[PDB]
Structures are given as C-alpha cells and as structure tokens.
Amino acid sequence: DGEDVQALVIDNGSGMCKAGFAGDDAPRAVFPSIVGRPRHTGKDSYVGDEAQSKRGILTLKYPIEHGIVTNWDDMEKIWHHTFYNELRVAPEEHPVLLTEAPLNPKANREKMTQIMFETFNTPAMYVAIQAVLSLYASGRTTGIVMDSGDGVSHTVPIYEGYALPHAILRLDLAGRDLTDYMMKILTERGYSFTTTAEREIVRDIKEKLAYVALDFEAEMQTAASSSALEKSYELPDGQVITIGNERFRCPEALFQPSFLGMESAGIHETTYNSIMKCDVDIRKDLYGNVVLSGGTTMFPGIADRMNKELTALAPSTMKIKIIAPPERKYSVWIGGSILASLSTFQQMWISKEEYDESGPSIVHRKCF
C-alpha cells in the first residue's frame, strides 16, 4: 500500500501478531505468534497457522512470553514472515513502527532497533508502548489503561501523553490462563478437554460463550436452580456439549485469581492500586478515564463489572468511567496507525542516519 512513503505498523503480542499499513483503520494481518521448526530435519521454519497445522512434526515456540521477547532468532522469523508473507513488502522500502510492553528491558529495546536496521535495513523505525497507543486510539492523553491479552495484563496510568512508570503494575494472568482454566472446569463437568487440539476448541468456547457476571454469587445461584444460562456448543465432530456456569466462572478468574491458585489482586484492585500510586491530584482524571484494551477484555459484561468493582473501591462521590471500545482487540494497532500517519511524525522516527551515528542506544533518547 503507499501515500508518499508508506509506513508500516507492527503490534507484536504474546499470542498474536497484528500488522498492517499506517493509515488503515485496522490491521491487514492477524496471525499467531508461533514459530515451528523441524523436530528432526528440514534451518527451515514455519509461522502461525501453518506451524500449528504441522505441529505433529514440528517443535513449536512462542518468541514473546508475557509481552517480552525471549527468543530473538524466532522473533526475526515472525518479522520476516510479517513483511514477506503477510504484508508482501520489502522492509528496506518502509518506515516501521513497532510496539512494546510497559517496562520492556533496556537491552530488548536496543535489540529490536538493531534487528530492524541491520537485519531488515528499515530506512526508519520507532518503538511505542502498547498501552499508550490504546489511550491515543480512544482520543485521550490522560487516563489509565487496563490492557489484557494472551500472556499478560497491565494497568498503566498515563498523564498528558506519557506513562507513569512507577505506577505501572503487571499481572501474569491473562487469556492463556483463562483458556487453560476453562479446560479444567469443563473437564470437571464430565467432559474431557486436555489435549492441544482440545485447547484450541476451548479457546473458542471461551471466546464465543464466556461472559463476566455482574454479581458472581447471584449468578452461581441462577445457574444452580435454573437451566436458563446454559448454552450448547458444537464440537468439530458434530457432537453437542452443554456449557453452564463455566461460561462465567472462567473470566471470574480475572477478578478472583485464587480460582487459579494465584495469590495476587484481580484486575479491578490492580487498577485501583495503580491509581493510588499516582499523585493525588490526577486521580480524578484516572478514575474517569479507565480504558480497557486487548483481547481478554472482550468478555461481555467486563466493563459493567469493572465499573461496579471500581465504584466500590473509590469514595462514593468519585466519578468512575469505564471505556471499552468495540474495537479494543486492535486498539494498540489503531493507535500506532494514527500516530505513524501524522504529518508531524516524520521528525519522530529514528532514521538510518541516526542509527549509523549512535547505534542501538539511540532508542532510549528517541522513543520514550
């Protein structure tokens, strides 16, 4: 695709990679952040769906764990596939905007910059924090983003355009954990979901029929005395199963980590803790601008529950506003697209010329 110089936007997640063209309203490509390599022989590699389909003869790996890159060779495969297979461009022809997790280690920010310029020869690049890009997509400069995906959840307070690092909280509880949990409780119901192929099925049950109850105990009750909340689901083979209270207990783990045997605070209290770490004078603006973002925030009912739980933690007079855009699965990507399209962005990129003068550490001065 390409105004004058066409910029590209890559949003790399633990579970999914979202990639496209600056100026589009949505990612052109969305695929699993998976790299498959031969168990024995052909060097060779596979990415995404195709790696999954040949899993039986490949060793599969996730280069991003909890939002942080832990395998750079495999990350480079994701990137090479993104450019040549998914977007069909030559990277040396485009400025590339990439995204990162809050608190990304210094060394990792240097390495991304290094790979882009030295392995792909991008003429220009930029790295942006995911949460800040979602805040921008929602037309705000101050607010608190609750970002929950496949491997990690973060609560990121932002003021006048920048994250407040000291108040950011990380929660290793996200979509994967939820899928696994739905597997275990559907199993306990009498069904049996334990295999890789079954995991996939459950991920889909989770995405199609799960929901957050506004009142967990009242709902366990309704479910126990009625059959009204039940739903049927068709497995790939034609068999029909019945899902009941599992629909809402699964995402309840977001608000009650003890359900997963975890000792931490749930998303509502983590959001509250981040707000209380910020200057008392901006708290009103955080509470009134709680932006939900990421695939794990797509459960029906989650906004209403976040509203209820935050309203209970904060002084009754405090105005609470939960913003949960219908497109929040791609908010990070959309923010990146808007930012990279601005007439005033030209100046913000790290150019090849800057990179050749300072090396990878230029990233700590150019991208904050």
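For every residue, the number given is its place in the sequence shown, counted from 1.
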Worksheet item: So 186 to 194 or 164 to 172, which one's hotter by mean CA B-factor in the entry?
Response: 186 to 194
Worksheet item: Which has higher Cα B-factors on average according to the PDB entry: 82 to 90 or 177 to 185?
Response: 177 to 185
Item to complete: By the entry's C-alpha temperature factors, tell me which of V30, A340, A51, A324 sits highest.
Response: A51
Worksheet item: Among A137, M75, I243, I144, which residue carries the highest C-alpha B-factor recorded in the PDB entry?
Response: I243
Worksheet item: Taking the C-alpha B-factors as the PDB entry records them, is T271 in the lowest, middle or highest third of its chain?
Response: lowest
Worksheet, complete the sentence: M298: CA temperature factor from the record, placed by chain third, in the middle
Item to complete: Please rank the C-alpha B-factors of the chain's modelled residues and tell me whether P315 sits in the lowest, middle or highest third.
Response: middle
Fill in: Position of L58 among the chain's modelled residues by C-alpha B-factor, lowest, middle or highest third
highest
Fill in: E219 - which third its CA temperature factor falls in, relative to the rest of the chain
highest
